[PDB]
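**Student:** Sharing a structure with you now.
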Amino acid sequence: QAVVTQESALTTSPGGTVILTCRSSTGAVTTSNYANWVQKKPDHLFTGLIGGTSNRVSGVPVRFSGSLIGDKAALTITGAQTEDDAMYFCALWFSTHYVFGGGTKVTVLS
Amino acid sequence: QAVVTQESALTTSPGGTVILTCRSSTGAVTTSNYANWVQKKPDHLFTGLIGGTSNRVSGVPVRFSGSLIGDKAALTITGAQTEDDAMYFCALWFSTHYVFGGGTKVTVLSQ
Amino acid sequence: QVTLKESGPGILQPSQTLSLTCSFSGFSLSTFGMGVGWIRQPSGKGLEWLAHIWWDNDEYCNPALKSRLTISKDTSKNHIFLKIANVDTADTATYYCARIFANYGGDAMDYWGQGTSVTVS
Amino acid sequence: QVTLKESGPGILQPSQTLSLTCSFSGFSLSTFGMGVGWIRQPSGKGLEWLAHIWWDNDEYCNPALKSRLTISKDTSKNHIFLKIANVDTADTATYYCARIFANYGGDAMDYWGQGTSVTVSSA
Amino acid sequence: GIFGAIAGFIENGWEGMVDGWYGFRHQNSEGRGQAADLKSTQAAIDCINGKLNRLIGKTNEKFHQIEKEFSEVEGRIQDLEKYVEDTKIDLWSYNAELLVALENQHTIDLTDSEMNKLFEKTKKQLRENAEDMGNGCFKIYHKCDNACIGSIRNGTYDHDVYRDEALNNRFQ
Amino acid sequence: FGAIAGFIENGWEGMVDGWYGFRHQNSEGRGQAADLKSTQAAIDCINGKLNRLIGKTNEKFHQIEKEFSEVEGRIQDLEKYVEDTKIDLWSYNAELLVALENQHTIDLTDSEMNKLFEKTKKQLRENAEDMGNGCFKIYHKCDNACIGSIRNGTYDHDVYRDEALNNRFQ
Amino acid sequence: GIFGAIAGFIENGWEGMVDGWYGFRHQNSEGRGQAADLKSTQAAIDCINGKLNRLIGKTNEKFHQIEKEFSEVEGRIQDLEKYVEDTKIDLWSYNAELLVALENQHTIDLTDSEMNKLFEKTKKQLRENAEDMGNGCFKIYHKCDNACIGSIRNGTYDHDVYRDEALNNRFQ
Amino acid sequence: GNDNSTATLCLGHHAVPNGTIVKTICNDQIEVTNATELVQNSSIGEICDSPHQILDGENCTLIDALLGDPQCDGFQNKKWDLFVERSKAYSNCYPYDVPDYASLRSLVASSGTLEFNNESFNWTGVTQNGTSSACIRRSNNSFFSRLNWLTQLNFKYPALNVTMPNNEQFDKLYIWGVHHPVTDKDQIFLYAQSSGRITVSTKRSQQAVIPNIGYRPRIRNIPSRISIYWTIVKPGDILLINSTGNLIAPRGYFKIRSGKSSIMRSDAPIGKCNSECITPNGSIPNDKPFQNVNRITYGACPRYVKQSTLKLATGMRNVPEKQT
Amino acid sequence: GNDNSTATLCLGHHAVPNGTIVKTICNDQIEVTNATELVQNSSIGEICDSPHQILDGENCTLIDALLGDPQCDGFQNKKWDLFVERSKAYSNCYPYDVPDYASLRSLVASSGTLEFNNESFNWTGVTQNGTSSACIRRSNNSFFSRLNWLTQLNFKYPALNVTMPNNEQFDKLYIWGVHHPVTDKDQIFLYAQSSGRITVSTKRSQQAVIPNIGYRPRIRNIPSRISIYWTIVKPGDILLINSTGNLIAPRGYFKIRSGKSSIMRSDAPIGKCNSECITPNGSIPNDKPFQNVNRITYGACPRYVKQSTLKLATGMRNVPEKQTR
Amino acid sequence: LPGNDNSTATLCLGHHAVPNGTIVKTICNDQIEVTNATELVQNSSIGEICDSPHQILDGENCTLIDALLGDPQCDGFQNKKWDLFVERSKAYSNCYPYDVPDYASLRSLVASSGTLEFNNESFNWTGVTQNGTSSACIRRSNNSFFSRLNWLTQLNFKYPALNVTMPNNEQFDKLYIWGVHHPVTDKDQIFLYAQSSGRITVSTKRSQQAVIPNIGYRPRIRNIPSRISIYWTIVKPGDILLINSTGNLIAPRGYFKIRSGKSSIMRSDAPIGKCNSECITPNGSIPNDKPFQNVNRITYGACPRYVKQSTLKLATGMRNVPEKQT
Ligand SMILES: *[C@@H]1O[C@H](CO)[C@@H](O[C@@H]2O[C@H](CO)[C@@H](O)[C@H](O)[C@H]2NC(C)=O)[C@H](O)[C@H]1NC(C)=O
Ligand SMILES: *[C@@H]1O[C@H](CO)[C@@H](O)[C@H](O)[C@H]1NC(C)=O
Ligand SMILES: *[C@@H]1O[C@H](CO)[C@@H](O)[C@H](O)[C@H]1NC(C)=O
Ligand SMILES: *[C@@H]1O[C@H](CO)[C@@H](O)[C@H](O)[C@H]1NC(C)=O
Ligand SMILES: *[C@@H]1O[C@H](CO)[C@@H](O)[C@H](O)[C@H]1NC(C)=O
């Protein structure tokens, strides 16, 4: 079924560094899996952040960054603020369909 | 006319990592643009940080660094302190003149 | 600017058929390398991606819903049709629309629609 | 030590000529790779770079103010002079004279002066 | 048709374009576009313009000459007049032959050489972003839309910004 | 011995079949041949000169007495004067015509074979390099069958790209 | 008005090059390279004096000639003598103009071609250790001091001993 | 995926389906896009007097206008810039010839002036204004409009010693003739002396001629001939005539100048144009640098080349088209 | 072998071990593999009449052939294309000097025709066919063949009023002479009158002359001289001759045409070749475009120049192999 | 600002330029800039004629023919060879008036000879009086005549016919200058020649001349109404000069040696100086290193060809591309 699993929640102070992970049952993630992260603000719309694990969607600040950590995909935030308190998902391509992850809750002490 | 646009303001805790950017509307930002980073404290004078997009002005602590992140110039502050609460401006050379940006207000929670 | 909107019945009986229309503006399907996605929110669980349609009439969809899902397009009027047959209480979800950009190096779901809630009872 | 000082009239009438003199010590304009630039701040808006003079009598200035900006230097007494013609309310700004170092790889905006407030009004 | 941007500076030329003397033809995902360059054709026209004004309208005023034909016959004097007239016609006819045959050689050599610099100028601006082959065309990387044609036409083309993207094609 | 050159540092008298030729060193040993494209082009422009000169005569039957025995006045002085000015102009015309075509001929054959050098250089767009003395350091080991393809122009750089960038670079 | 490694034949003409005619100017870790070069200045010179000596001093002999001006009006003899010099002056004047114009074109063309041969001579000297940005200026990688630069002028510049540094500041 | 980052930018040059042929130094067949004909092989067919004053012949030769032929009586005191001699010209007066015919025709046409002023000559002791029945002026016998036949008197012909100076700022041209009788009786009947001799002189030259009585072929029912001679008197000089018979005394003097006037035989009629070329065939434009219509020219007119056509390439080589 | 994936494919150009020197627009010491010679500095040495008709001089000048010299009587009615005159010519008849020698010789040269016709001039009562003593033909004494010497019939001279009306189409040339005696005693007994006057006249021109009496230096034991004048009669014109003594009259006329005939002074022999050039040194080929043998020439010939040699580069540069390395 | 690594080099190669370039024309353009341009015409003259290579004979108000006939003020030019005769515009005859048929012919041939070497000859004059003199040709404040000529007059009112002759045996040509005197009236002809008529006849073995005197009146020049027509005769080696006349004869004293060389004549008013130059021009002397000149068409010696163009620039360098904003 190629399920995708992420960490349940993360908590940080405003200005800390947050690293997110996107694991799956099939194994290692390469560049052909086209990892995508999208953000769900509670009162706003979904906003695309990073596509193809290296091509960032324009309009977002420079703090967000996606890369390949070891054999797995990841997303890094350098210095989160109080506007980043949202729900973070992650997508993977399996050559026929997109399996969409469980989500990671980034909590910022406001 | 070559406007220069950067972030309006930024926030961090003491010790956090802040990445500033300098974007040019004319196109790609290159080492020939000679990005210059100058900070302005409310009570102190203007002090420069990075010249030529890679050369650092002597005297500033090691936390300030400049580099090229993709299509735009950047200034990186690794481990910001309470003395970094100041204005930050960027300048780009367009082969005839220097154009300064709007400025980025980096605020550090000290109280 | 970029904006996609969703329209649906909202309340439907079990074992019926779902009819959703996604209308978008600011980009025309004749452009090379752009599609639109289709994802639903079960309002409490995680998101599930189901299907999307590309510009060259090339379709990929969820293998778990091959026999119940049908997705079409309207290039001239910029409309997207989503069909789901044999609805159930597991399909009681908030339905979202999104675009996907096919560039070099990967795909990106930059802009997403507001969403339309669908309740099945 | 590298220090820079600015001098000006402070209060000027509209459509007058603005004259500013920059005083600096610790370095001379006879050295290669040395220049002094003028940057003004309208006290609330962003920064505006005006012009600079290199050690080889090279002049570069803002194209939007070419017809109204004149800047020269004096190597003997180590002074920088700036003239602005047809001043206006938009020229009400705090003017800074600063040192720019011309080295390999680019220019360094190392040292800056304290500044001098300039007010343009007809009251 | 076959398309392919077949010729130019080798094999054959172009007949459709009228607005200038030298032009460009590019093929990409956007289709086919043609436009002439007004810089190279000015030098060829000016050199041609320099030929016309130097000969057309340049004439000396001759008023009184000797009789050139005679209804009578005489001795040495008439024979000398026929001899001096004949040798002037021969020298002027040979001078005309050497003039036109030399202007044409310089015209053909200059026109070939003047637009040779036009082809050489583009190659020097594509030091690593393009390849060259035997029909005068190029293999320009990167993806070359309407902007790159204009940038290389107006000379504001930067090789360094697309430097690393050009090398993967050169790699394989 | 070996390691032959061309254009830079001398031609050779070993070939008399044509005017411009080729010399290659590979596994089969020593090779030498000539092409009839640039050789014919250089010849045709040369006999183009040798048809408006060899055979062109202007008829002249009756002229003035160009020599005199007795002494006379203005008539003898004018007839002698009109002959010296004609000879001097024709002497200058012969000198200028000879020097003009001599310079044109020398430059043309030098320029025409440079077209042959450039033509075979662009055929090897990256399969071969330059040595500075008219030789091409061709990679992708191959026997005498390649040399005919270069003269015919049927050298495909794409099919020989694999071994042309391994000896190169790296 | 500053030293920034200004361009060469296709853009500029230097003013400090007085001892030579076609000199080099390198900007390396030391910084300055304005110096003269041989065998190219003399070659351009050689065709210049050769034109001069053939033109200066080559004078013919003329001692006794007919009268060129007259004070009394006469018949056909005076008319013939006046014409026989008018055609001689006119033909010599055109010969002078045609000679100096043709002598001039070969002077400029040879000098421009002589330097182009020099520029490509250095271009074939370094096979892949350097390229050109398109202004008669090279881009040489690797540790090149004045001794390395001076070796390029004098002939010996091995490409393979400098191959490893050449390919790292290049395509790789 | 990856889009093909391919482009051609294959530059080219102009070509024409229909290009003319132009010769070069080492070849004769090198076609070119555009070329301009360099020689003029066509003429309008008439002479236009736009920059020059053209005086038409009307079967009147130049010398007959000088002497006053009855059919040339309308050419009194007329100047020009080009004298056109019609091939239909003929003499309708007393038979005559002039030694060195080309010289008298040349200097008069070069001057371009027949401003004849009657002078104060004082020929006395003879019956002047002699008549002749071969030069009729519309009703009766005449001799010449610019000459005077000096006949005898009552069996006495005194020697003539008329001296007349030249006090003026321009040169003077005198036309004086000598009549040759056919019989010795005619010489006695017309001059009362068996011998004659005419001698004119100046301060730098002298002319002396002897009449020759003899028989000539009959022309216009007159078997005699008249020799015409011209004399040039410089300013400050004095012309002295001493003769004892057979003298055709002039009625005055002719002004002689220098200028751009010339003479040419043509049959084309007059017309109106705008050009500075006059040829016997007609007028041609002077824009082209060469021409081959005729070797006789005037004014700013191109040279005469022998080649029928000369084509200069005003363009570059086309190398036809790609076709198919 | 050389299986290291290295090839050379060197290209170059031909060379010649012995290279000639050819001048250019500048430095003239350049070397060319092959060059052609342009100026013809050599001659065969004998004029050959294959394309044209050459009549040999045989110590006889053109005017002597015209007047019918006893040693040049073989040139009666002979056409030619170039009258070659040898330098050993001399006269063996009555001594004569002609006014404007270079003019009469030129027009007869271009005529190329000595076809003489006999016209029966109706001469009055005057003795004809006068015979001199220095002009001898078969030891009988004679005069010019194309002239007529007239003396007194018995003791008088009935002054001639003869005329010849011309009505044919071609132009005519008349050669008539004037005899100048030495003394008045010889004048009286010859032409029966102490004075003399000769006048010829046409419808468009006339010629006047008076005999002169005086002593002249002794040549061929004949102290008296002969003056020859020529008159050309247009078709439709009339030639009228009036004289009262000392007149040498023509027996007819010479046909005058326009063509390509001329004269030439040379000492070269006569042979057979095939060329369109005649030069006093000899016959030269016309393949070369220039020559410097002599300025005098006839036919389709190269121009005359002053340079001894002129090499045209029919090859190209001749950089040497400089032996083997 | 000068961004450069310690490995990256330039090797910028170029040529020279000058701030002030020379304007000079070509076959394609007309206003191209080359470094130095050399003049190809000689438009300037020294202003004087120097007799360094050649022997220049000055005029001094004496024309060539007047010195040939032997005028009293022109007596300083006896037997003086020259390489180029210079005639001045101030020349004027001050002797018996004369004219010659074909004036340009006699002037040109004796200028080409360049030698007035005259030898007196003893003509066998029997039955005449020689050394005739006139009052319009004064020498040393006394009446004289032409120095090289001999007027003839009767002795006892009788003029026997002169049958004098003398042969030529020297290897060179002999030139004789003789004339005929035209009287002013029939009384003068009888009173000065004792015969109503007159005739002159000279002859050689190849040519002859015959002049009849032309009696009549003429304009007065220098208080003399008569004229003398002078003719020249060429005597070949081995020839015999026979002169028969009965009056109106101006006897020649001898012969003038002629030759062929480089001597000529030229009319100019330029003075004589001291320099080292070959070209002779009516405006003076000009240098001959230039291949062309536009001073005057009349010239002598090794001179450049005459052109009507004022200036002809020839390039001696390469194209000039200066400045570039600095
Ligand atoms: C190239 O390397 C040289 C040698 O290390 C560098 O020259 C020194 O650089 C340091 C650091 O900037 C200076 O403090 C020294 O004064 C320099 N020495 C000399 C002798 O100039 C040079 O900077 C290096 N270049 C680059 C671009 O890194
Ligand atoms: C210059 O080149 C640019 C680059 O594409 C093009 O858009 C423009 O039309 C050209 N011309 C001008 C006048 O800017
Ligand atoms: C190629 O050239 C060679 C050498 O001239 C010739 O023999 C051969 O026929 C040509 N063609 C092919 C297909 O090899
Ligand atoms: C002409 O001559 C006559 C006769 O001697 C004389 O009376 C008259 O005055 C002269 N006229 C002139 C104008 O000299
Ligand atoms: C400069 O000009 C002079 C003018 O006489 C010329 O001779 C010389 O060769 C020129 N020099 C150079 C270096 O071009």
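Residues are named by chain letter and number: chains run A, B, ... in the order of the structure tokens, numbers start at 1 in each chain, and ligands are numbered from 1 in the order shown.
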Could you superimpose chain E onto chain G using all C-alpha atoms, paired one by one in order, and tell me the resulting RMSD in Å?
**Tutor:**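 The root-mean-square deviation of C-alpha positions is 1.0 Å.
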**Student:** If we count only C-alpha atoms, what is near stretch 54-65 of chain A at a cut-off of 6 Å, once residues fewer than 2 positions away on the same chain are taken out, given as an MDAnalysis selection string?
**Tutor:** chainID A and resid 49:52 75:78
**Student:** Which chains and residue numbers are within 10 Å of ligand 3, counting only C-alpha atoms and all ligand atoms, if I want them as JSON, numbers by chain?
**Tutor:** {"F": [33, 34, 35, 36, 144, 145, 146, 147, 148, 149, 150, 151, 152, 153, 154]}
**Student:** Convert the current residue selection to file output with N, CA and C atoms, as a compact mmCIF listing (two decimals), in the first residue's frame.
**Tutor:**
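Below is the file that was written, selection.txt:
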# COMPACT_ATOMS: atom_id res chain seq x y z
N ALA F 33 46.97 11.16 -49.06
CA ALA F 33 46.07 11.30 -50.20
C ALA F 33 45.78 12.78 -50.41
N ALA F 34 44.98 13.08 -51.43
CA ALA F 34 44.63 14.45 -51.77
C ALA F 34 43.16 14.52 -52.13
N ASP F 35 42.61 15.73 -52.06
CA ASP F 35 41.21 15.98 -52.38
C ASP F 35 41.12 16.88 -53.61
N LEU F 36 40.05 16.69 -54.38
CA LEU F 36 39.84 17.43 -55.62
C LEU F 36 38.81 18.54 -55.46
N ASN F 144 41.85 2.77 -41.01
CA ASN F 144 41.91 3.59 -42.22
C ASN F 144 40.54 3.91 -42.82
N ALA F 145 39.48 3.20 -42.40
CA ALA F 145 38.15 3.45 -42.94
C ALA F 145 37.61 4.82 -42.56
N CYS F 146 38.12 5.43 -41.48
CA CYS F 146 37.64 6.74 -41.07
C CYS F 146 38.10 7.83 -42.03
N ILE F 147 39.31 7.68 -42.57
CA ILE F 147 39.94 8.76 -43.33
C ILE F 147 39.16 9.07 -44.60
N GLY F 148 38.59 8.05 -45.24
CA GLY F 148 37.73 8.30 -46.38
C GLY F 148 36.46 9.05 -46.02
N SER F 149 35.91 8.78 -44.83
CA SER F 149 34.69 9.46 -44.40
C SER F 149 34.92 10.95 -44.20
N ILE F 150 36.11 11.33 -43.74
CA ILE F 150 36.42 12.75 -43.55
C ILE F 150 36.44 13.48 -44.89
N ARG F 151 37.07 12.87 -45.90
CA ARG F 151 37.08 13.48 -47.23
C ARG F 151 35.68 13.55 -47.82
N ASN F 152 34.89 12.48 -47.65
CA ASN F 152 33.51 12.49 -48.11
C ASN F 152 32.61 13.35 -47.23
N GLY F 153 33.04 13.68 -46.02
CA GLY F 153 32.23 14.46 -45.10
C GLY F 153 31.22 13.67 -44.30
N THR F 154 31.20 12.35 -44.43
CA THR F 154 30.22 11.51 -43.74
C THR F 154 30.76 11.01 -42.39
**Student:** Mind the document's chain letters and residue numbers, and return as an NGL selection string the residues of chain E that DSSP labels strand (DSSP E or B).
**Tutor:** :E and (14 or 22-28 or 31-36 or 61-62 or 132 or 138)
**Student:** Taking a cut-off of 7 Å and counting only C-alpha atoms, can you build a table that, for each residue of chain G near chain E, reports the nearest atom pair and how far apart they are in Å (one decimal), sorted by chain then residue number, as a tab-separated table?
**Tutor:**
residue	atom	partner	partner_atom	distance
G:79	CA	E:66	CA	6.5
G:80	CA	E:66	CA	6.4
G:83	CA	E:65	CA	6.5
G:133	CA	E:124	CA	6.6
G:134	CA	E:124	CA	4.8
G:171	CA	E:167	CA	6.4
**Student:** As a quick test: using only C-alpha atoms and all ligand atoms, which residues lie no more than 7 Å away from ligand 1? Give them as a list in words.
**Tutor:**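 Sorted by chain and then by number, the residues are residues 104 of chain D; 4, 5 and 6 of chain J.
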**Student:** Just C-alpha atoms for this one: save the residues we selected as a PDB file, in the first residue's frame.
**Tutor:**
ATOM      1  CA  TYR D 104      39.766  42.151  -4.721  1.00  0.00           C
TER       2      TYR D 104
ATOM      3  CA  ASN J   4      40.263  38.376  -9.467  1.00  0.00           C
ATOM      4  CA  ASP J   5      41.556  35.080  -8.109  1.00  0.00           C
ATOM      5  CA  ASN J   6      45.237  34.283  -7.624  1.00  0.00           C
TER       6      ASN J   6
END
